[PDB]
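> Dropping the structure in here first, questions after.
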Amino acid sequence: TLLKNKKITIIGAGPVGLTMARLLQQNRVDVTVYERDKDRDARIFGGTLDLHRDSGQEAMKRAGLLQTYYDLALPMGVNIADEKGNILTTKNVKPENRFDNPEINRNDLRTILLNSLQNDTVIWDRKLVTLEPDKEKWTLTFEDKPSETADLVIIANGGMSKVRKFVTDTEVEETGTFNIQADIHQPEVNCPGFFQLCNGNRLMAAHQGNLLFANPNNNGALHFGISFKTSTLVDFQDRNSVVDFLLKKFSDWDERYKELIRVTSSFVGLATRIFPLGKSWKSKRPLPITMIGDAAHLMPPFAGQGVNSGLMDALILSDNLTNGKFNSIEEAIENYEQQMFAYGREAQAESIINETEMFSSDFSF
Ligand SMILES: Cc1cc2nc3c(=O)[nH]c(=O)nc-3n(C[C@H](O)[C@H](O)[C@H](O)COP(=O)(O)OP(=O)(O)OC[C@H]3O[C@@H](n4cnc5c(N)ncnc54)[C@H](O)[C@@H]3O)c2cc1C
Ligand SMILES: Cc1c2c(c(O)c3c(OC(=O)c4ncccn4)cccc13)C(=O)[C@]1(O)C(=O)C(C(N)=O)=C(O)[C@@H](N(C)C)[C@@H]1C2
């Protein structure tokens, strides 16, 4: 009722935006998703994503996808190693905790979410450039593509979104650490020494403020990442400059780690950043609009709370908009933002605290 004959547009077909789209569409809501990726076959780079039971899994449950998540996700243990290649601890998943926090490849999650939507709910190859209000509808401008309108816009285009001004003037800021990620295909062949060291579990190692993390089985490929405090001699279009840089930092590390670096094809550098939730968001806005996911609360990932929190937003907002407990769309948005600020600020605190704690000189897991 609240959203009757209201054309809702979600900006961004990431895991958060898609989940939002499903929760709305399964409630008989007219919802459109705009995604800049040219087609659905576009591969999503990055590691695996873990769904927390009180948040991520609850969102999939309400979307009717919980069993699909378990069907596709893979439970994984964790090994803590040192720079010399020794396994300090073995956290081999207990059978009884096997279905607590399994790991679903990012593309798999995109696929199940898309499959839960009606055909053509997502419009590919649509990069939103500007968002300008009218007396009654939004005007959405896409780069070299026809513009569109909407009554309510939900921003979900990531932590580096540039279309936030109408909601908040808050700016993204760097937290002081840097992450270098990569994928190795057929790791058993290219990096056998380090592959066997993982031995099915995910290796986390820290020495001299340089932390290493690895998932040996991300849909057949090994995804790993290296992080450290930041501050540039490195060009990421030049894997040679990256290797020289990493081998100097990892000179103290065992050759099996050096083998991992030497075989990596493409390096991806990213500074750790946060979209702080300190100051409240704009009070009066021209038309109904809000934000969800990383666009709302980017935070360091060292606490594994990013996607889990973003899904909480999609769950709360969609619930508020369809449970008939709010007199207006604006009030329903306000309530969501009130709730989101509370637990979202907490999540940021944990991720930053864990960040500072992990890259401290005394850290030892
Ligand atoms: C290195 C790293 C590791 C992480 N590890 C974990 C982990 O182990 N566990 C965990 O639970 N979480 C983890 N996270 C958090 C997780 O990645 C995010 O919280 C989650 O992906 C946010 O989803 P989202 O859709 O809100 O944003 P994103 O995932 O950034 O997706 C945004 C979407 O918007 C689209 N888009 C971009 N530009 C535009 C545009 N102009 N117009 C329209 N659409 C656009 C993008 O293509 C994409 O579809 C990690 C994050 C990082 C960076
Ligand atoms: C430190 C940390 C990492 C990861 C986590 O998932 C963590 C986590 O997640 C959960 O399991 C969980 N969440 C909520 C509820 C229950 N359980 C919880 C706590 C800490 C985690 C990664 O997966 C990681 O992405 C990873 O492996 C790689 C890589 N191999 O490339 C990265 O380099 C790292 N960073 C810096 C890019 C990441 C490290």
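As shown in the structure tokens, the chain order sets the letters A, B, ...; within each chain, residues go from 1, and ligands are also counted from 1 in the order they appear.
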Neighbours of ligand 2 at 8 Å or closer, counting only C-alpha atoms and all ligand atoms: which residues, as a ChimeraX atom specification?
/A:46-53,100-101,179-182,202-204,211-215,223-227,300-305,308
> Residues of chain A that have any atom at most 7 Å from an atom of ligand 1: could you tabulate them with the shortest-distance atom pair and the distance in Å to one decimal, using only C-alpha atoms and all ligand atoms, ordered by chain and increasing number, as a Markdown table?

```
| residue | atom | partner | partner_atom_place_in_ligand_line | distance |
| --- | --- | --- | --- | --- |
| A:11 | CA | ligand 1 | 43 (C) | 4.9 |
| A:12 | CA | ligand 1 | 34 (O) | 3.5 |
| A:13 | CA | ligand 1 | 49 (O) | 4.0 |
| A:14 | CA | ligand 1 | 25 (O) | 3.2 |
| A:15 | CA | ligand 1 | 25 (O) | 4.4 |
| A:16 | CA | ligand 1 | 25 (O) | 4.0 |
| A:17 | CA | ligand 1 | 25 (O) | 5.2 |
| A:34 | CA | ligand 1 | 43 (C) | 5.4 |
| A:35 | CA | ligand 1 | 44 (N) | 4.2 |
| A:36 | CA | ligand 1 | 44 (N) | 4.9 |
| A:37 | CA | ligand 1 | 47 (O) | 5.5 |
| A:46 | CA | ligand 1 | 1 (C) | 6.7 |
| A:47 | CA | ligand 1 | 3 (C) | 6.5 |
| A:48 | CA | ligand 1 | 8 (O) | 6.1 |
| A:49 | CA | ligand 1 | 9 (N) | 4.4 |
| A:50 | CA | ligand 1 | 11 (O) | 4.7 |
| A:51 | CA | ligand 1 | 11 (O) | 6.0 |
| A:126 | CA | ligand 1 | 42 (N) | 6.4 |
| A:127 | CA | ligand 1 | 42 (N) | 4.1 |
| A:128 | CA | ligand 1 | 42 (N) | 4.2 |
| A:129 | CA | ligand 1 | 41 (N) | 6.1 |
| A:156 | CA | ligand 1 | 26 (O) | 5.2 |
| A:157 | CA | ligand 1 | 34 (O) | 3.2 |
| A:158 | CA | ligand 1 | 30 (O) | 3.6 |
| A:159 | CA | ligand 1 | 30 (O) | 5.9 |
| A:161 | CA | ligand 1 | 38 (N) | 6.7 |
| A:179 | CA | ligand 1 | 1 (C) | 6.9 |
| A:292 | CA | ligand 1 | 26 (O) | 6.2 |
| A:293 | CA | ligand 1 | 26 (O) | 3.3 |
| A:294 | CA | ligand 1 | 26 (O) | 4.2 |
| A:295 | CA | ligand 1 | 26 (O) | 6.0 |
| A:301 | CA | ligand 1 | 4 (C) | 4.8 |
| A:304 | CA | ligand 1 | 9 (N) | 4.1 |
| A:305 | CA | ligand 1 | 11 (O) | 5.0 |
| A:306 | CA | ligand 1 | 19 (O) | 3.2 |
| A:307 | CA | ligand 1 | 19 (O) | 3.4 |
| A:308 | CA | ligand 1 | 11 (O) | 5.3 |
| A:310 | CA | ligand 1 | 26 (O) | 5.6 |
```
> Within 8 Å of residue 273 (chain A), counting only C-alpha atoms, which residues show up once you throw out same-chain ones fewer than 3 positions away? Write them as a PyMOL selection string, please.
chain A and resi 172-176+298-300
> Considering only C-alpha atoms, can you say which of A:210, A:115, A:97, A:272 comes closest to residue 75 (chain A)?
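With only C-alpha atoms as the atom set, the closest residue is A:97.
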> Measuring atom to atom with only C-alpha atoms, identify which of A:264, A:89, A:320, A:251 is nearest to residue 239 (chain A).
A:264
> Region 178-291 of chain A: which residues are strand (DSSP E or B) by DSSP, as a VMD selection string?
chain A and resid 178 to 185 202 to 207 210 to 218 221 to 229 268 to 274 289 to 291
> Determine, for each residue of region 244-322 of chain A having at least one atom at most 7 Å from an atom of region 164-171 of chain A, the closest pair of atoms and their separation in Å to one decimal, counting only C-alpha atoms; order by chain and ascending number, as a tab-separated table.

```
residue	atom	partner	partner_atom	distance
A:275	CA	A:171	CA	6.5
A:281	CA	A:168	CA	5.0
A:282	CA	A:168	CA	5.4
A:285	CA	A:166	CA	6.6
A:290	CA	A:167	CA	6.7
```
> What's the 9 Å shell around residue 122 (chain A), counting only C-alpha atoms, without same-chain residues fewer than 3 positions away, as a PyMOL selection string?
chain A and resi 13+18+32-35+114+117-119
> Could those residues be written to a file, using N, CA, C and O atoms, as a PDB file, in the first residue's frame?

```
ATOM      1  N   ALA A  13      23.856  -3.291  -8.507  1.00  0.00           N
ATOM      2  CA  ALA A  13      23.479  -4.696  -8.415  1.00  0.00           C
ATOM      3  C   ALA A  13      24.492  -5.514  -7.623  1.00  0.00           C
ATOM      4  O   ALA A  13      24.707  -6.693  -7.922  1.00  0.00           O
ATOM      5  N   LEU A  18      21.078  -6.164  -4.790  1.00  0.00           N
ATOM      6  CA  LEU A  18      20.302  -7.288  -5.301  1.00  0.00           C
ATOM      7  C   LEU A  18      19.387  -7.853  -4.222  1.00  0.00           C
ATOM      8  O   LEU A  18      18.196  -8.086  -4.460  1.00  0.00           O
ATOM      9  N   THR A  32      13.499  -1.539  -9.835  1.00  0.00           N
ATOM     10  CA  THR A  32      14.469  -1.607 -10.918  1.00  0.00           C
ATOM     11  C   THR A  32      15.872  -1.453 -10.349  1.00  0.00           C
ATOM     12  O   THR A  32      16.100  -0.641  -9.448  1.00  0.00           O
ATOM     13  N   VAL A  33      16.810  -2.231 -10.884  1.00  0.00           N
ATOM     14  CA  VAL A  33      18.210  -2.179 -10.482  1.00  0.00           C
ATOM     15  C   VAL A  33      19.032  -1.705 -11.673  1.00  0.00           C
ATOM     16  O   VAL A  33      18.883  -2.229 -12.783  1.00  0.00           O
ATOM     17  N   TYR A  34      19.892  -0.716 -11.441  1.00  0.00           N
ATOM     18  CA  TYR A  34      20.789  -0.186 -12.461  1.00  0.00           C
ATOM     19  C   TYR A  34      22.222  -0.558 -12.098  1.00  0.00           C
ATOM     20  O   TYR A  34      22.707  -0.197 -11.021  1.00  0.00           O
ATOM     21  N   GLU A  35      22.895  -1.268 -13.001  1.00  0.00           N
ATOM     22  CA  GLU A  35      24.232  -1.796 -12.770  1.00  0.00           C
ATOM     23  C   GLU A  35      25.135  -1.407 -13.929  1.00  0.00           C
ATOM     24  O   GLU A  35      24.748  -1.530 -15.094  1.00  0.00           O
ATOM     25  N   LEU A 114      20.062 -12.867  -8.600  1.00  0.00           N
ATOM     26  CA  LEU A 114      19.444 -12.587  -9.891  1.00  0.00           C
ATOM     27  C   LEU A 114      18.339 -13.589 -10.198  1.00  0.00           C
ATOM     28  O   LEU A 114      17.258 -13.210 -10.665  1.00  0.00           O
ATOM     29  N   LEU A 117      14.972 -12.864  -8.876  1.00  0.00           N
ATOM     30  CA  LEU A 117      14.286 -11.710  -9.432  1.00  0.00           C
ATOM     31  C   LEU A 117      13.579 -12.084 -10.731  1.00  0.00           C
ATOM     32  O   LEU A 117      13.952 -13.036 -11.421  1.00  0.00           O
ATOM     33  N   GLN A 118      12.545 -11.314 -11.057  1.00  0.00           N
ATOM     34  CA  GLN A 118      11.872 -11.471 -12.338  1.00  0.00           C
ATOM     35  C   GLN A 118      12.786 -11.020 -13.472  1.00  0.00           C
ATOM     36  O   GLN A 118      13.676 -10.184 -13.290  1.00  0.00           O
ATOM     37  N   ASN A 119      12.559 -11.587 -14.654  1.00  0.00           N
ATOM     38  CA  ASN A 119      13.420 -11.300 -15.793  1.00  0.00           C
ATOM     39  C   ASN A 119      13.485  -9.802 -16.058  1.00  0.00           C
ATOM     40  O   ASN A 119      12.485  -9.088 -15.949  1.00  0.00           O
TER      41      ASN A 119
END
```
> List every residue of region 102-322 of chain A that DSSP, applied to the backbone, labels as helix (DSSP H, G or I), and write the result as a ChimeraX atom specification.
/A:106-116,187-190,192-198,239-249,255-263,294-297,306-322
> Tell me which of A:358, A:268, A:163, A:221 sits closest to residue 235 (chain A), counting only C-alpha atoms.
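Nearest candidate to residue 235 (chain A) out of A:358, A:268, A:163, A:221: A:268.
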> For residue 365 (chain A), please output as number ranges by chain all residues within 12 Å (counting only C-alpha atoms; exclusion window: fewer than 4 positions along the same chain).
A: 79-82, 88-89, 204-207, 211, 354, 357-361
> What is the distance between CA of residue 250 (chain A) and CA of residue 83 (chain A), in Å to one decimal?
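The value is 8.4 Å.
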> Any idea what's packed within 9 Å of residue 330 (chain A), counting only C-alpha atoms, ignoring anything in its chain fewer than 4 positions away? Could you give it as an mmCIF file with N, CA and C atoms, in the first residue's frame?

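File result_12.cif, as written:
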```
data_model
loop_
_atom_site.group_PDB
_atom_site.id
_atom_site.type_symbol
_atom_site.label_atom_id
_atom_site.label_comp_id
_atom_site.auth_asym_id
_atom_site.auth_seq_id
_atom_site.Cartn_x
_atom_site.Cartn_y
_atom_site.Cartn_z
ATOM 1 N N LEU A 287 13.158 14.554 -2.338
ATOM 2 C CA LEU A 287 12.292 13.424 -2.632
ATOM 3 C C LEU A 287 12.808 12.200 -1.886
ATOM 4 N N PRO A 288 11.976 11.169 -1.745
ATOM 5 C CA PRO A 288 12.404 9.984 -0.985
ATOM 6 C C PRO A 288 13.693 9.393 -1.537
ATOM 7 N N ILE A 289 14.683 9.244 -0.656
ATOM 8 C CA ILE A 289 15.970 8.671 -1.032
ATOM 9 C C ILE A 289 16.656 8.182 0.234
ATOM 10 N N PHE A 326 4.246 2.414 8.919
ATOM 11 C CA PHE A 326 4.720 3.786 8.791
ATOM 12 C C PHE A 326 3.760 4.591 7.930
ATOM 13 N N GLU A 334 13.294 7.086 7.528
ATOM 14 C CA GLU A 334 13.897 7.637 8.737
ATOM 15 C C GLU A 334 14.110 6.551 9.784
ATOM 16 N N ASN A 335 13.104 5.699 9.992
ATOM 17 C CA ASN A 335 13.234 4.636 10.982
ATOM 18 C C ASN A 335 14.392 3.707 10.638
#
```
> Pick out the residues sitting within 7 Å of residue 318 (chain A), and hand them over as JSON, numbers by chain; count only C-alpha atoms, and ignore anything fewer than 4 positions along from it in its own chain.
{"A": [20, 23, 24, 314, 322]}
> Export, as a compact mmCIF listing (two decimals), in the first residue's frame, the selected residues with N, CA, C and O atoms.

```txt
# COMPACT_ATOMS: atom_id res chain seq x y z
N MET A 20 18.21 -6.30 -1.65
CA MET A 20 17.13 -5.33 -1.52
C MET A 20 16.11 -5.51 -2.63
O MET A 20 14.90 -5.48 -2.39
N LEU A 23 13.92 -8.66 -1.87
CA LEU A 23 12.99 -8.45 -0.77
C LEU A 23 11.82 -7.57 -1.20
O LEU A 23 10.68 -7.79 -0.77
N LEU A 24 12.09 -6.57 -2.04
CA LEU A 24 11.01 -5.73 -2.54
C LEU A 24 10.17 -6.47 -3.57
O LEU A 24 8.94 -6.51 -3.47
N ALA A 314 19.27 -3.85 3.85
CA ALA A 314 18.25 -4.27 2.90
C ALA A 314 17.08 -4.94 3.60
O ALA A 314 15.92 -4.77 3.21
N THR A 322 7.10 -2.33 3.69
CA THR A 322 6.04 -3.23 3.29
C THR A 322 5.23 -3.79 4.45
O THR A 322 4.24 -4.50 4.21
```
> Between A:125, A:148, A:54, A:96, which has the minimum distance to residue 39 (chain A) (counting only C-alpha atoms)?
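Among the listed residues, the smallest separation from residue 39 (chain A) belongs to A:125.
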> For CA of residue 341 (chain A) and CA of residue 284 (chain A), quote the distance in Å rounded to one decimal.
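Distance reported for this atom pair: 17.3 Å.
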> In terms of the shortest atom-to-atom distance over only C-alpha atoms, which of A:136, A:108, A:259, A:144 is closest to residue 192 (chain A)?
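For residue 192 (chain A), the nearest of the given residues is A:259.
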